[PDB]
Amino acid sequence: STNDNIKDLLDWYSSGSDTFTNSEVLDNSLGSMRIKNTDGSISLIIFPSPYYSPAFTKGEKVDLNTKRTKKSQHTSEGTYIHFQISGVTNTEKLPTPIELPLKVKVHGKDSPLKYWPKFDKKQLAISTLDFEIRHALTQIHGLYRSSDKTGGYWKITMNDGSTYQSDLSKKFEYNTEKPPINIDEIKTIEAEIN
């Protein structure tokens, strides 16, 4: 049986994510952007981190790999509005798709089952990689679904040796997110469930 916090994390990481390509910036303030998507909807996206606030200006095209922080709503004129957080990158594509080699350990043992996330975008926000990794961990390895699978961490090491990591026992820290990275420079991604 898991406590209330672990249930909240399970809900967060199993409630899907929004993916839009070539949306257009309508406005960009200090840490909030207003973007019109290809289906007619508008997304109000916030950027709480002092280390990641996108520079895109009115008219530019962007890609969204993000999560809603509350329920989408309709304005009196009938426009559908999404309230999201982070997840805005440039539209640059890679020649062919690449498979990120995710390496998983559970209670100190190499999981023999392999899930390799596949992307064709040159860059992704750290927050998007966190959601993809954890979504796999909860769905395939049972993270958060039982009192013995509730913590550990994921770790990305780049080609130049710099590293990014997150604690599985707490929600991803949005307030300190660093800028998006290029996926073709990722050397290894590893996750360990305690």
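The first residue of the sequence shown is number 1, and the count goes up from there.
J.: Comparing 106 to 114 with 92 to 100, which stretch shows the greater average C-alpha B-factor in the deposited entry?
T.: The recorded data point to 106 to 114.
J.: Quick one: higher average CA temperature factor, 180 to 188 or 14 to 22?
T.: Between 14 to 22 and 180 to 188, it is 180 to 188.
J.: Select one of 39, 27, 148, 167: the residue whose C-alpha shows the highest B-factor in the crystal structure entry.
T.: The record points to 27.
J.: Pull the Cα B-factor of residue 55 out of the PDB entry and bin it into the chain's lowest, middle or highest third.
T.: Highest third - that is where residue 55 ends up once the chain's C-alpha B-factors are sorted.
J.: Among all modelled residues of this chain, ranked by Cα B factor, put residue 80 in the bottom, middle or top third, i.e. lowest, middle or highest.
T.: For residue 80, whose C-alpha B-factor we compare with every modelled residue in the chain, the answer is the middle third.
J.: Compare the C-alpha B factor of residue 142 with those of the other modelled residues in its chain, then answer lowest, middle or highest third.
T.: Bottom third by C-alpha B-factor.
J.: Considering every modelled residue of the chain and its Cα B-factor in the PDB entry, is residue 158 in the lowest, middle or highest third?
T.: Top third by C-alpha B-factor.
J.: According to the PDB entry, is the CA B factor of residue 69 in the bottom, middle or top third of its chain, that is, lowest, middle or highest?
T.: Middle third of the chain for residue 69's C-alpha B-factor.
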